[PDB]
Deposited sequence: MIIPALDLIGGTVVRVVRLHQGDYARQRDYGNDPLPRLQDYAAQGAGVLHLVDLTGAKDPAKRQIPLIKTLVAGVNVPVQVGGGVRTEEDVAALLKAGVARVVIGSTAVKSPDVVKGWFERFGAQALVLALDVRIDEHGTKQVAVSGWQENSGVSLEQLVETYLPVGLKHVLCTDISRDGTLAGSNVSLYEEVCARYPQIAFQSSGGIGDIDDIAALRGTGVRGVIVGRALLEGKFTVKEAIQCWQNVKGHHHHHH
């Protein structure tokens, strides 16, 4: 499915490649759902910078105001962070750097919350050997573990949802999806126009995250879904 996405800072919708796209995230999300979106994605950039300032009241309002599951990320680093987001009504919590830095801890989260409640977000850069290297961010060096190695760490605790961002493409998703058909992969990044969505058809990816292109008015959620369904 198409997964429309917003990045939020202090209640403001922003573009990242910051750019202010206004303070109306709820009407934007509601119109995404109205066009047929079955899942939405939010990144809490304020919370990512300071967990104490996690935008829980806002997230609560946004979740209540739409009729579809929302997955929410942004510096989710502790068990308490996960629990708080689920309590606020989020469907799935998106875990990034902590899934790389403390796998034994995150394995425990799978046991506690269930694999349906957790999405592992992995940034991948392909090195000069052609290996899919995991990095915790776009501006930090590789962390010394491959995508396959980290996926295989979490398979025994029932991993089901993985969000993959290429920070170094179609071939990447074709490869990983074929290797792990029991995992539902989501793609993030690279969507500049409607043809980019067509290109991911048939790769095996289950979800396509779309953010910037919708804000820029390149195409609508309805058009994206029509494209995805072919």
In sequence order, the deposited-sequence ranges that have no modelled C-alpha atom:
18-26, 178-185, 248-256
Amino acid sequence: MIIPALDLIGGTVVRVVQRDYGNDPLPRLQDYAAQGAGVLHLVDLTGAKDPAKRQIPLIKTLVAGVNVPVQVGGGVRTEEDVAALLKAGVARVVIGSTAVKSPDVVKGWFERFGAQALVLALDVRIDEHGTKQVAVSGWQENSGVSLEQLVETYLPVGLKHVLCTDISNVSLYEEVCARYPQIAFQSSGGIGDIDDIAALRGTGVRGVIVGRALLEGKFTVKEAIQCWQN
From here on, numbers count along this sequence of modelled residues.
Going by the entry, of stretches 187-195 and 174-182 the one with greater average Cα B-factor is 187-195
Comparing 122-130 with 83-91, the one whose average Cα B-factor in the PDB entry is higher
122-130
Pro57, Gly36, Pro69, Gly65, ranked by C-alpha B-factor: the highest one:
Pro57
Just say lowest, middle or highest third for the CA B-factor of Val157 relative to the other modelled residues in its chain.
middle
Assert third(CA B-factor, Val14) within chain per record equals highest
Chain thirds of CA B-factor: placement of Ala115
middle
B-factor third for the C-alpha atom of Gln140 within its chain
middle
How does the C-alpha B factor of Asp44 compare with the rest of the chain: lowest, middle or highest third?
middle
